[PDB]
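Okay, so we've got a single protein chain in two different forms coming up as structure tokens, structure 1 first and structure 2 after it.
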Structure 1
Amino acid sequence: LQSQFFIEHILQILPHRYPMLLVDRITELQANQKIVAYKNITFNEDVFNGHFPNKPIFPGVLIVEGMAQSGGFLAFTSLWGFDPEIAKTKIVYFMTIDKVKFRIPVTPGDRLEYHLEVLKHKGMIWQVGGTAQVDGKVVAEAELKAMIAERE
């Protein structure tokens, strides 16, 4: 019912944890339709130790990962709403990834904004597409299909 979520609510919905929880705040959310979130990029992240020495560049694949989590938050809330209890036993598997294009490198100090739209969704299978943006510009484009499942 809300459209603005902070790190606290994100931890209660997504199963991801450090160092793979790549969504910091949800700024906009329209159930079954779109979501806008963002992750701040800082030099104080471990992934920078090796990507790359003396040249910090946020991995392209982790940007895709960040987008998937945004969509995963959109998918869970659209299904069961904000129910951490239900969410606490679910995980999220990647099914496919297509048409991803990287236009501008993301670096420390960047506010990487995730913009996801629901292209199609069936039960637990959600297919989203959108872009990663920094200062209003598209730094990345991507389409992906993820499935949420109950931890067996």
Structure 2
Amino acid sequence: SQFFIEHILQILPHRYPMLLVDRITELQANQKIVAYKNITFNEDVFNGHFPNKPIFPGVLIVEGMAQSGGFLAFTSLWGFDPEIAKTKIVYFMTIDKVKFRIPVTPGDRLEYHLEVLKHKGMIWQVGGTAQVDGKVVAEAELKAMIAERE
């Protein structure tokens, strides 16, 4: 059900400054994940994107959505297993149908909504939205391959 930052750190190999999921609030094996990242001015990205106009990069929304899809794929296959997590990679192959509707700024709670669209063998296809305060700010479709870490 609920996974906190300690739990996310044991499953995802991502680390600062590229770990872009703070908490998982809903997880349904093989179906869907609801997760989020808090947006704050005290992030390094905002030094350059943009000076005097802080806007969370669209591509990092898509990345945070990828990280949520990967956590869902992994936990669907093995559950919360830190030991197996160390031996796996989720390689993202394609990104499709992404639209940005509302900018994301410091003070926003950026909620990733992702569902499994297609799972066939090692290939996972996941899609959904990013939301701030019940409003769709971004949508994206993503495809990933599960493999062994080397």
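Take the two forms, find the largest set of C-alpha atoms that superpose within 1.5 Å, and that set is the rigid core. Numbering runs along the sequence of structure 1, starting at 1.
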Report task. Could you check which of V92, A68, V106, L29 shows a C-alpha shift of 2 Å or more between structure 1 and structure 2 after a rigid core superposition? Result -> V92
Query raised in the report: Quick one: core overlaid, is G123 moving 2 Å or more at the Cα between structure 1 and structure 2?
Result: yes
Query raised in the report: How much does the C-alpha of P19 shift between structure 1 and structure 2, in angstrom, given a rigid core superposition?
Result: 0.4
Requested in this report: On a rigid core superposition, how far has the CA of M147 moved between structure 1 and structure 2, in Å, if you could check?
Outcome: 2.1
